[PDB]
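Engineer: My file is structure_29.csv. It has CSV, N, CA and C atoms:
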chain,number,residue,atom,x,y,z
X,1,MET,N,73.3,-33.7,166.8
X,1,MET,CA,73.0,-33.6,168.2
X,1,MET,C,73.2,-35.0,168.9
X,2,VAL,N,73.6,-35.1,170.1
X,2,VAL,CA,73.5,-36.3,170.9
X,2,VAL,C,72.2,-36.2,171.7
X,3,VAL,N,71.4,-37.3,171.6
X,3,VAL,CA,70.1,-37.4,172.3
X,3,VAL,C,70.4,-37.7,173.8
X,4,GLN,N,71.5,-38.4,174.1
X,4,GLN,CA,71.8,-39.0,175.3
X,4,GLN,C,72.3,-38.1,176.5
X,5,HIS,N,72.8,-36.9,176.2
X,5,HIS,CA,73.2,-36.0,177.2
X,5,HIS,C,73.0,-34.5,176.7
X,6,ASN,N,72.1,-33.8,177.3
X,6,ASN,CA,71.9,-32.4,176.9
X,6,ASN,C,72.9,-31.5,177.5
X,7,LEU,N,74.1,-31.4,176.9
X,7,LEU,CA,75.2,-30.6,177.4
X,7,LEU,C,75.0,-29.1,177.2
X,8,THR,N,74.1,-28.7,176.3
X,8,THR,CA,73.6,-27.3,176.2
X,8,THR,C,72.9,-26.9,177.5
X,9,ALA,N,72.1,-27.9,178.0
X,9,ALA,CA,71.3,-27.6,179.2
X,9,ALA,C,72.1,-27.7,180.5
X,10,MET,N,73.0,-28.7,180.6
X,10,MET,CA,73.8,-28.9,181.9
X,10,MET,C,74.6,-27.7,182.2
X,11,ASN,N,75.1,-27.0,181.2
X,11,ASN,CA,75.8,-25.7,181.4
X,11,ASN,C,74.8,-24.6,181.8
X,12,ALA,N,73.6,-24.5,181.2
X,12,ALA,CA,72.6,-23.5,181.6
X,12,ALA,C,72.2,-23.8,183.1
X,13,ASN,N,72.0,-25.1,183.4
X,13,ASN,CA,71.8,-25.5,184.8
X,13,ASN,C,73.0,-25.1,185.7
X,14,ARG,N,74.3,-25.5,185.4
X,14,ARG,CA,75.4,-25.1,186.3
X,14,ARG,C,75.5,-23.6,186.5
X,15,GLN,N,75.3,-22.8,185.4
X,15,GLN,CA,75.2,-21.3,185.5
X,15,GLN,C,74.0,-20.8,186.3
X,16,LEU,N,72.9,-21.5,186.2
X,16,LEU,CA,71.7,-21.2,187.1
X,16,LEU,C,72.1,-21.4,188.5
X,17,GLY,N,72.7,-22.5,188.9
X,17,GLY,CA,73.2,-22.8,190.2
X,17,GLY,C,74.1,-21.7,190.8
X,18,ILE,N,75.1,-21.3,190.0
X,18,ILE,CA,76.0,-20.1,190.4
X,18,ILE,C,75.2,-18.9,190.7
X,19,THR,N,74.1,-18.6,189.8
X,19,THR,CA,73.3,-17.4,190.0
X,19,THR,C,72.4,-17.5,191.2
X,20,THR,N,71.7,-18.6,191.4
X,20,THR,CA,70.9,-18.8,192.6
X,20,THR,C,71.6,-19.0,193.9
X,21,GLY,N,72.9,-19.3,193.8
X,21,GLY,CA,73.9,-19.1,194.9
X,21,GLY,C,74.1,-17.6,195.2
X,22,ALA,N,74.5,-16.8,194.3
X,22,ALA,CA,74.8,-15.4,194.5
X,22,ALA,C,73.5,-14.7,194.9
X,23,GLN,N,72.3,-15.1,194.5
X,23,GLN,CA,71.0,-14.5,194.9
X,23,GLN,C,70.7,-14.8,196.4
X,24,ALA,N,70.9,-16.0,196.9
X,24,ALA,CA,70.7,-16.3,198.4
X,24,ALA,C,71.8,-15.7,199.3
X,25,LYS,N,73.0,-15.5,198.8
X,25,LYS,CA,74.0,-14.6,199.5
X,25,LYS,C,73.6,-13.2,199.6
X,26,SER,N,73.0,-12.6,198.5
X,26,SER,CA,72.5,-11.2,198.5
X,26,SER,C,71.3,-11.0,199.4
X,27,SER,N,70.3,-11.9,199.2
X,27,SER,CA,69.0,-11.8,199.9
X,27,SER,C,69.1,-11.8,201.5
X,28,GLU,N,70.1,-12.5,202.0
X,28,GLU,CA,70.4,-12.6,203.4
X,28,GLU,C,70.9,-11.3,204.0
X,29,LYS,N,71.8,-10.6,203.2
X,29,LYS,CA,72.3,-9.3,203.6
X,29,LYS,C,71.3,-8.2,203.7
X,30,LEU,N,70.2,-8.3,202.8
X,30,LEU,CA,69.1,-7.4,202.8
X,30,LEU,C,68.1,-7.8,203.9
X,31,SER,N,67.8,-9.0,204.2
X,31,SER,CA,66.9,-9.4,205.2
X,31,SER,C,67.4,-9.2,206.6
X,32,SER,N,68.7,-9.4,206.8
X,32,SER,CA,69.4,-9.1,208.1
X,32,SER,C,69.9,-7.7,208.2
X,33,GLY,N,70.3,-7.1,207.1
X,33,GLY,CA,70.8,-5.7,207.2
X,33,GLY,C,72.3,-5.7,207.6
X,34,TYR,N,73.0,-6.9,207.7
X,34,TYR,CA,74.4,-7.0,207.9
X,34,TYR,C,75.1,-7.6,206.6
X,35,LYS,N,76.1,-6.9,206.2
X,35,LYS,CA,77.0,-7.2,205.0
X,35,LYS,C,77.8,-8.5,205.3
X,36,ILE,N,78.1,-8.8,206.6
X,36,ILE,CA,78.9,-9.9,207.1
X,36,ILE,C,78.0,-10.7,208.1
X,37,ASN,N,77.4,-11.8,207.7
X,37,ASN,CA,76.7,-12.7,208.5
X,37,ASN,C,77.5,-13.9,209.0
X,38,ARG,N,78.6,-14.2,208.3
X,38,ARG,CA,79.5,-15.3,208.6
X,38,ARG,C,80.9,-15.0,208.2
X,39,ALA,N,81.9,-15.7,208.7
X,39,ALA,CA,83.3,-15.4,208.4
X,39,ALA,C,83.6,-15.5,206.9
X,40,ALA,N,82.9,-16.4,206.2
X,40,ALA,CA,83.0,-16.6,204.7
X,40,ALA,C,82.7,-15.4,203.9
X,41,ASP,N,82.0,-14.4,204.4
X,41,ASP,CA,81.8,-13.1,203.8
X,41,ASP,C,83.1,-12.2,203.8
X,42,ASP,N,83.7,-12.0,205.0
X,42,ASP,CA,84.8,-11.2,205.2
X,42,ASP,C,85.5,-11.5,206.6
X,43,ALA,N,86.4,-12.4,206.6
X,43,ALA,CA,87.0,-12.9,207.9
X,43,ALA,C,87.8,-11.8,208.7
X,44,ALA,N,88.6,-11.0,208.0
X,44,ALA,CA,89.2,-9.8,208.7
X,44,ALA,C,88.1,-8.9,209.2
X,45,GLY,N,87.0,-8.7,208.5
X,45,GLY,CA,85.9,-7.8,208.9
X,45,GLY,C,85.0,-8.3,210.0
X,46,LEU,N,84.7,-9.6,210.0
X,46,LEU,CA,84.0,-10.3,211.2
X,46,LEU,C,84.9,-10.1,212.4
X,47,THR,N,86.1,-10.5,212.4
X,47,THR,CA,87.1,-10.3,213.4
X,47,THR,C,87.2,-8.8,213.9
X,48,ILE,N,87.5,-7.9,212.9
X,48,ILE,CA,87.6,-6.5,213.3
X,48,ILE,C,86.3,-5.9,213.9
X,49,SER,N,85.2,-6.3,213.3
X,49,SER,CA,83.9,-5.9,213.9
X,49,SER,C,83.7,-6.4,215.3
X,50,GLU,N,84.0,-7.7,215.6
X,50,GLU,CA,83.8,-8.1,217.0
X,50,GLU,C,84.7,-7.3,218.0
X,51,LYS,N,85.9,-6.9,217.6
X,51,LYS,CA,86.7,-6.0,218.4
X,51,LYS,C,86.0,-4.7,218.6
X,52,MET,N,85.4,-4.1,217.6
X,52,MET,CA,84.8,-2.8,217.6
X,52,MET,C,83.4,-2.9,218.3
X,53,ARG,N,82.6,-3.9,218.1
X,53,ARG,CA,81.4,-4.2,218.9
X,53,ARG,C,81.7,-4.3,220.3
X,54,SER,N,82.7,-5.0,220.7
X,54,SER,CA,83.2,-5.2,222.0
X,54,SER,C,83.6,-3.9,222.6
Q,1,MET,N,72.5,4.1,202.0
Q,1,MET,CA,72.3,4.2,203.4
Q,1,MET,C,72.3,2.8,204.0
Q,2,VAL,N,73.0,2.7,205.2
Q,2,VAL,CA,72.7,1.5,206.0
Q,2,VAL,C,71.4,1.7,206.8
Q,3,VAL,N,70.6,0.6,206.8
Q,3,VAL,CA,69.4,0.6,207.5
Q,3,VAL,C,69.6,0.2,209.0
Q,4,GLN,N,70.7,-0.6,209.3
Q,4,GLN,CA,71.0,-1.3,210.5
Q,4,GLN,C,71.6,-0.4,211.6
Q,5,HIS,N,72.0,0.9,211.3
Q,5,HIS,CA,72.5,1.9,212.2
Q,5,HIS,C,72.4,3.3,211.7
Q,6,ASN,N,71.4,4.0,212.1
Q,6,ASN,CA,71.2,5.4,211.7
Q,6,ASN,C,72.2,6.4,212.4
Q,7,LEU,N,73.4,6.5,211.8
Q,7,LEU,CA,74.4,7.3,212.5
Q,7,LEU,C,74.2,8.8,212.6
Q,8,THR,N,73.3,9.4,211.7
Q,8,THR,CA,72.9,10.8,211.8
Q,8,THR,C,72.0,10.9,213.1
Q,9,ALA,N,71.2,10.0,213.4
Q,9,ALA,CA,70.4,10.0,214.6
Q,9,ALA,C,71.1,9.8,215.8
Q,10,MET,N,72.1,8.8,215.9
Q,10,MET,CA,73.0,8.7,217.0
Q,10,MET,C,73.9,9.9,217.2
Q,11,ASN,N,74.3,10.7,216.2
Q,11,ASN,CA,74.9,12.0,216.3
Q,11,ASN,C,74.0,13.0,216.9
Q,12,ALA,N,72.8,13.1,216.4
Q,12,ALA,CA,71.8,14.1,216.9
Q,12,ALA,C,71.4,13.8,218.3
Q,13,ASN,N,71.1,12.6,218.6
Q,13,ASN,CA,71.0,12.1,220.0
Q,13,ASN,C,72.2,12.5,220.9
Q,14,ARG,N,73.4,12.2,220.5
Q,14,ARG,CA,74.6,12.5,221.3
Q,14,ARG,C,74.8,14.0,221.5
Q,15,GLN,N,74.5,14.8,220.5
Q,15,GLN,CA,74.5,16.3,220.6
Q,15,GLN,C,73.3,16.9,221.4
Q,16,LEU,N,72.1,16.2,221.4
Q,16,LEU,CA,71.0,16.6,222.2
Q,16,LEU,C,71.3,16.4,223.7
Q,17,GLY,N,71.9,15.3,224.0
Q,17,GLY,CA,72.5,15.1,225.4
Q,17,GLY,C,73.4,16.2,225.8
Q,18,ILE,N,74.4,16.6,225.0
Q,18,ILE,CA,75.3,17.7,225.4
Q,18,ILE,C,74.6,19.0,225.6
Q,19,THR,N,73.6,19.3,224.8
Q,19,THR,CA,72.8,20.5,224.9
Q,19,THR,C,71.9,20.5,226.1
Q,20,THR,N,71.2,19.4,226.5
Q,20,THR,CA,70.4,19.5,227.7
Q,20,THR,C,71.1,19.1,229.0
Q,21,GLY,N,72.4,18.7,228.9
Q,21,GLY,CA,73.3,18.9,230.0
Q,21,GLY,C,73.5,20.4,230.3
Q,22,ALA,N,74.0,21.2,229.3
Q,22,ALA,CA,74.2,22.6,229.4
Q,22,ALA,C,72.9,23.3,229.9
Q,23,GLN,N,71.7,23.0,229.4
Q,23,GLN,CA,70.4,23.5,229.8
Q,23,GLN,C,70.1,23.3,231.3
Q,24,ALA,N,70.2,22.1,231.8
Q,24,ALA,CA,69.9,21.8,233.2
Q,24,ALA,C,71.0,22.4,234.1
Q,25,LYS,N,72.2,22.6,233.7
Q,25,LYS,CA,73.2,23.3,234.5
Q,25,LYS,C,73.0,24.8,234.6
Q,26,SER,N,72.4,25.4,233.5
Q,26,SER,CA,71.9,26.8,233.6
Q,26,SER,C,70.7,26.9,234.4
Q,27,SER,N,69.7,26.0,234.3
Q,27,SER,CA,68.4,26.1,235.0
Q,27,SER,C,68.5,26.0,236.5
Q,28,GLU,N,69.5,25.2,237.0
Q,28,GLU,CA,69.8,25.1,238.4
Q,28,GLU,C,70.2,26.4,239.0
Q,29,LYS,N,71.0,27.2,238.3
Q,29,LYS,CA,71.5,28.5,238.8
Q,29,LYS,C,70.4,29.6,238.8
Q,30,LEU,N,69.5,29.5,237.9
Q,30,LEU,CA,68.4,30.4,237.8
Q,30,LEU,C,67.4,30.2,238.9
Q,31,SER,N,67.0,28.9,239.1
Q,31,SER,CA,66.1,28.5,240.2
Q,31,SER,C,66.7,28.8,241.6
Q,32,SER,N,68.0,28.4,241.8
Q,32,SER,CA,68.6,28.6,243.1
Q,32,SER,C,69.1,30.0,243.4
Q,33,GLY,N,69.5,30.8,242.4
Q,33,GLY,CA,70.0,32.1,242.5
Q,33,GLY,C,71.5,32.1,242.7
Q,34,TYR,N,72.2,31.0,242.8
Q,34,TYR,CA,73.7,30.9,242.9
Q,34,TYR,C,74.3,30.3,241.7
Q,35,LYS,N,75.4,31.0,241.3
Q,35,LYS,CA,76.3,30.7,240.1
Q,35,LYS,C,77.1,29.4,240.4
Q,36,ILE,N,77.7,29.3,241.6
Q,36,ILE,CA,78.3,28.1,242.1
Q,36,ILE,C,77.3,27.4,243.0
Q,37,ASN,N,76.6,26.4,242.5
Q,37,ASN,CA,75.7,25.5,243.4
Q,37,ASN,C,76.5,24.3,244.0
Q,38,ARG,N,77.6,23.9,243.3
Q,38,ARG,CA,78.3,22.7,243.7
Q,38,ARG,C,79.8,22.9,243.2
Q,39,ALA,N,80.7,22.3,243.8
Q,39,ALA,CA,82.1,22.6,243.6
Q,39,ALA,C,82.7,22.3,242.2
Q,40,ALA,N,82.0,21.5,241.4
Q,40,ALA,CA,82.2,21.3,240.0
Q,40,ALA,C,82.1,22.6,239.2
Q,41,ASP,N,81.4,23.6,239.7
Q,41,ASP,CA,81.1,24.9,239.0
Q,41,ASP,C,82.4,25.8,238.9
Q,42,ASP,N,83.0,26.0,240.0
Q,42,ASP,CA,84.5,26.3,240.1
Q,42,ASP,C,84.9,26.2,241.6
Q,43,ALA,N,86.0,25.4,241.8
Q,43,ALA,CA,86.3,25.0,243.2
Q,43,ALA,C,87.1,26.1,244.0
Q,44,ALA,N,87.8,27.0,243.3
Q,44,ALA,CA,88.4,28.2,243.9
Q,44,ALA,C,87.3,29.1,244.4
Q,45,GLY,N,86.2,29.4,243.7
Q,45,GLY,CA,85.2,30.3,244.1
Q,45,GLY,C,84.2,29.7,245.1
Q,46,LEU,N,84.0,28.4,245.1
Q,46,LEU,CA,83.4,27.7,246.3
Q,46,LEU,C,84.2,27.9,247.5
Q,47,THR,N,85.5,27.6,247.5
Q,47,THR,CA,86.4,27.8,248.6
Q,47,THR,C,86.4,29.2,249.1
Q,48,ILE,N,86.6,30.2,248.2
Q,48,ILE,CA,86.6,31.6,248.6
Q,48,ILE,C,85.3,32.1,249.1
Q,49,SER,N,84.2,31.6,248.5
Q,49,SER,CA,82.8,32.0,249.0
Q,49,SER,C,82.5,31.5,250.4
Q,50,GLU,N,83.0,30.3,250.7
Q,50,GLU,CA,82.9,29.8,252.1
Q,50,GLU,C,83.7,30.6,253.1
Q,51,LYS,N,85.0,31.0,252.7
Q,51,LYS,CA,85.8,32.0,253.5
Q,51,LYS,C,85.1,33.3,253.6
Q,52,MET,N,84.4,33.8,252.6
Q,52,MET,CA,83.7,35.1,252.7
Q,52,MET,C,82.3,35.0,253.4
Q,53,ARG,N,81.6,33.9,253.3
Q,53,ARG,CA,80.4,33.6,254.1
Q,53,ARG,C,80.8,33.5,255.6
Q,54,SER,N,81.9,32.9,255.9
Q,54,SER,CA,82.5,32.7,257.2
Q,54,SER,C,82.9,34.1,257.8
If you took the structure in this file and wrote it as structure tokens, what would it be?
Structural biologist:
Amino acid sequence: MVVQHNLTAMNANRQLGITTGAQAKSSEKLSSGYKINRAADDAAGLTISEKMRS
Amino acid sequence: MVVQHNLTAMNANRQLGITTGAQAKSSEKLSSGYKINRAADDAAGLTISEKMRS
């Protein structure tokens, strides 16, 4: 083992970051009840929806 | 189910409107006693009924 860098943990950490990212993306859709809150969800769908809302 | 738009209720609402349109257009004829109350009912029979009243 290397004492100086816990590379077993830094990957568990990076994967935890990807998972807590996907969780805050999901939680927002449930609290707002919109699948598309920003263009980064679905740019054609944000655009198409504003045409249809209008 | 989407929480953010109850489309079965918007349908039942939009059909309830069409139904109580038909109900109020029937009710007017029963209370007044005339089939043609206004020229939207049929304009040939409004026109002919004024020539026959005349």
Engineer: Can you work out which residues from chain X touch chain Q at a cut-off of 10 Å (counting only C-alpha atoms) and hand them back as a list in words?
Structural biologist: residues 30, 32, 33, 34 and 35 of chain X
Engineer: With N, CA and C atoms retained, export the selected residues as a PDB file, in the frame of the given file.
Structural biologist:
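Contents of selection-v2.pdb, freshly written:
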ATOM      1  N   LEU X  30      70.200  -8.300 202.800  1.00  0.00           N
ATOM      2  CA  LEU X  30      69.100  -7.400 202.800  1.00  0.00           C
ATOM      3  C   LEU X  30      68.100  -7.800 203.900  1.00  0.00           C
ATOM      4  N   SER X  32      68.700  -9.400 206.800  1.00  0.00           N
ATOM      5  CA  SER X  32      69.400  -9.100 208.100  1.00  0.00           C
ATOM      6  C   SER X  32      69.900  -7.700 208.200  1.00  0.00           C
ATOM      7  N   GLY X  33      70.300  -7.100 207.100  1.00  0.00           N
ATOM      8  CA  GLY X  33      70.800  -5.700 207.200  1.00  0.00           C
ATOM      9  C   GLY X  33      72.300  -5.700 207.600  1.00  0.00           C
ATOM     10  N   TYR X  34      73.000  -6.900 207.700  1.00  0.00           N
ATOM     11  CA  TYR X  34      74.400  -7.000 207.900  1.00  0.00           C
ATOM     12  C   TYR X  34      75.100  -7.600 206.600  1.00  0.00           C
ATOM     13  N   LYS X  35      76.100  -6.900 206.200  1.00  0.00           N
ATOM     14  CA  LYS X  35      77.000  -7.200 205.000  1.00  0.00           C
ATOM     15  C   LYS X  35      77.800  -8.500 205.300  1.00  0.00           C
TER      16      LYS X  35
END
Engineer: For stretch 37-45 of chain Q, find every residue with an atom within 8 Å (counting all atoms listed in the file), except residues of its own chain fewer than 6 positions away, and show them as an NGL selection string.
Structural biologist: :Q and (28-29 or 51)
Engineer: Just give me the gap between atom CA of residue Q:1 and atom CA of residue X:21 in Å, one decimal is fine.
Structural biologist: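 Between these atoms lies a distance of 24.9 Å.
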Engineer: Measure the distance from atom N of residue X:18 to atom C of residue X:31 in Å and round it to one decimal.
Structural biologist: 21.9 Å
Engineer: Write out as a VMD selection string all residues of chain Q that backbone DSSP assigns to alpha helix (DSSP H).
Structural biologist: chain Q and resid 7 to 32 43 to 53
Engineer: Tell me, in Å to one decimal, how far atom CA of residue Q:52 is from atom C of residue Q:24.
Structural biologist: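 One can read the atom CA of residue Q:52 to atom C of residue Q:24 distance as 25.9 Å.
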